[PDB]
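First the structure, in the form of C-alpha cells, and then the observations on it.
2 protein chains.
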Amino acid sequence: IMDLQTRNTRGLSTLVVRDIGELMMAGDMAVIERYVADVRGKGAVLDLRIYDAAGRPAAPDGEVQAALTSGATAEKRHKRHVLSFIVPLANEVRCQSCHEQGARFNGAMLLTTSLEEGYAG
Amino acid sequence: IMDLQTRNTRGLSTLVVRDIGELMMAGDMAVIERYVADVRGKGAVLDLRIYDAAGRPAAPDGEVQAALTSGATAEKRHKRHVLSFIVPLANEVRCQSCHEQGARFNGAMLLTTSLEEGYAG
Ligand code: HEM
Ligand code: HEM
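Taken in sequence, the protein lines are chains A and A'. A prime marks a further copy of an entry chain.
Just so we're aligned: the first sequence equals residues 37 to 94, 100 to 120, 124 to 165 in the deposited numbering.
Just so we're aligned: the second sequence equals residues 37 to 94, 100 to 120, 124 to 165 in the deposited numbering.
Spelled out as C-alpha cells, the structure:
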C-alpha cells in the first residue's frame, strides 16, 4: 500500500485548492460549478507496468525506448480517453549494488490514469 | 480544466516512482506486483463541494464546522470505500477585498476520492 491513495488525495487536494482559489477571485459560483463538473469521475489509476533498460517488459517498446533515450518522462494522451506517463528509472548509486553502474537507467515505469468520467477499469 | 488531471497524474507518478524505488531495493518483482494490484482502479474523484464559513453548503455541517474550528484539513475514511478531505479555505489578503478581513476562513472545500477498485461514480 504505502498509503498511496491518501498521499495522492492530499497532493490532489492541494492542486484543487489552488485552482479553486483562482476561481474564487471572480466572486462567481458558476465558474466553480463548471470546474467541478469537469473534474468528477476522473483520475483512477488504470495501469502500472515496469520495463527494463532495453524497453522490454518484465519485443522492445518504441515509446519506452524513446523515453529512455531522451532520459525524460514522456506524457502521452491516447485511447476510453486515458493519460500515460513513461518514467525512466534512474540507476541511482543505491541501485548500482546490483545493476551495472554503466547504465544511466535500469528501466522505466508506465503509469496510466483515466480521463474518462466514471471509468476506472 | 486548468489541466488538473495531467497535474494530478504528474504528482501521482512522482509518488509511485518513489515507492517503486523502495520496492526495487529488494530485487524481488513479486513485491512490485502486489503494490500494483493494490493501486489499480482507485483514485477517481467522486465529489468536490464548497462550504461557507459557517459550515453550510452553497443546516451547518458538523465535520466541516469542526474542520473550520480546528483550522486544519480533516481526513476521513468512510463509505463504497471512499476518502474525504475537508480543507478550510483561508481568507487570504487577496480575498479580503470582498470577504470581511475579520474571518480567518471564507469557507471550506470537500474533496472525495475512491478507494474502491473500479468505482469512479
Ligand atoms: C482566495 C480568495 C477567496 C476565497 C478563498 C473565497 C471563498 C469564497 C467562498 C468559500 C464562497 C462561498 C461561500 C460564501 O458565500 O461565503 C465565496 C462566495 C463569494 N465570494 Fe469569495 N472568495 C475569495 C475571493 C473573493 C473575491 C476577491 C471576491 C470579490 C471580487 C469574492 C466575492 C464573493 C462573493 C460575492 C461571493 C458570493 C457568491 C454568490 O453569488 O453566491 N470572493 N467566496
Ligand atoms: C532504486 C534502485 C533500483 C532500481 C531503479 C531498480 C530497477 C530495476 C528494474 C527496472 C528491474 C526490472 C527490469 C530488469 O530486470 O532489468 C529490476 C530487476 C532486478 N533488480 Fe533492480 N533496481 C534497483 C535496485 C536493486 C538492488 C539494490 C538490487 C540487489 C539487492 C536489485 C536487484 C535486481 C534483480 C536481481 C532484478 C531481477 C528481478 C527478477 O528476478 O526478474 N535491484 N530492477
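Beta carbons are placed, not taken as given, at the ideal position from N, Cα and C, and that holds for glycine.
Residue range of the unbroken alpha helix (DSSP H) whose run includes A/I56 = Locating residue 56 of chain A in the first sequence gives position 20, counting from the first residue. Where A/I56 is concerned, the enclosing alpha helix (DSSP H) stretches over 40-60.
Backbone CA spacing between A'/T157 and A'/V126 [nearest angstrom] = The sequence position of residue 157 of chain A' within the second sequence is 113, counting from 1. The sequence position of residue 126 of chain A' within the second sequence is 82, counting from 1. Straight-line Cα distance between these residues: approximately 6 Å.
In the segment 42-56 of chain A, which residues sit with their C-beta less than 8 Å from some C-beta in chain A', listed in chain order?
-> Close to chain A', meaning a Cβ-Cβ distance shorter than 8 Å, are the following residues of the segment 42-56 of chain A: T42, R43, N44, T45, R46, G47, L48, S49, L51, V52, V53, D55, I56.
Ordered along the chain, which non-local residues of its own chain (more than five positions away) have a Cβ less than 6 Å from that of A/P93?
-> Stepping through the first sequence from its first residue, residue 93 of chain A is reached at position 57. Around A/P93: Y87.
Using the Cα positions of A'/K120 and A'/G79, report the straight-line distance between them to the nearest angstrom.
-> Sequence index remark: in the second sequence, residue 120 of chain A' carries index 79 (1-based). Sequence index remark: in the second sequence, residue 79 of chain A' carries index 43 (1-based). Cα to Cα, the separation comes out at about 15 Å.
If we ignore side chains and look at the alpha-carbon of each, how far apart do A'/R70 and A/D83 end up?
-> For the purposes of this step, residue 70 of chain A' is identified with residue 34 of the second sequence, where counting begins at 1. For the purposes of this step, residue 83 of chain A is identified with residue 47 of the first sequence, where counting begins at 1. Going from the Cα of A'/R70 to the Cα of A/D83 covers about 13 Å.
Please say whether A/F129 and residue 30 of chain A have beta carbons closer to each other than 9 Å?
-> Residue numbering for chain A in the displayed model covers 37 to 165; residue 30 of chain A lies beyond these limits and cannot be assessed.
Under the three-state DSSP convention, the category A/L127 falls into | To locate residue 127 of chain A, count along the first sequence from 1; it is residue 83. Here DSSP, grouped into helix, strand and coil, assigns A/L127 to strand.
Report the rounded CA-to-CA distance for A'/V53 versus A/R85, giving the unit in angstroms.
-> Your numbering for residue 53 of chain A' matches position 17 in the second sequence. Your numbering for residue 85 of chain A matches position 49 in the first sequence. Computed Cα separation, rounded: 11 Å.
Near-chain A residues of the segment 64-82 of chain A' (beta-carbon distance less than 8 Å), N- to C-terminal order | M65, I68, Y71, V72, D74, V75, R76, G77, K78, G79, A80, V81, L82
Along chain A, in chain order, which residues have C-beta atoms closer than 7 Å to that of A'/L109?
-> Numbered from 1 along the second sequence, position 68 holds the residue referred to as residue 109 of chain A'. Per Cβ cutoff of 7 Å: no residues; A'/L109 is ~14 Å from chain A at best.
Any contact of the segment 54-73 of chain A with the segment 55-73 of chain A', i.e. 3+ C-beta pairs under 8 Å?
-> no
Bridge partners of A/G151, per DSSP?
-> On the first sequence, residue 151 of chain A is found 107 positions in, with the first residue counted as 1. The partner list for A/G151 (beta bridge, DSSP) reads A/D88, A/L133.
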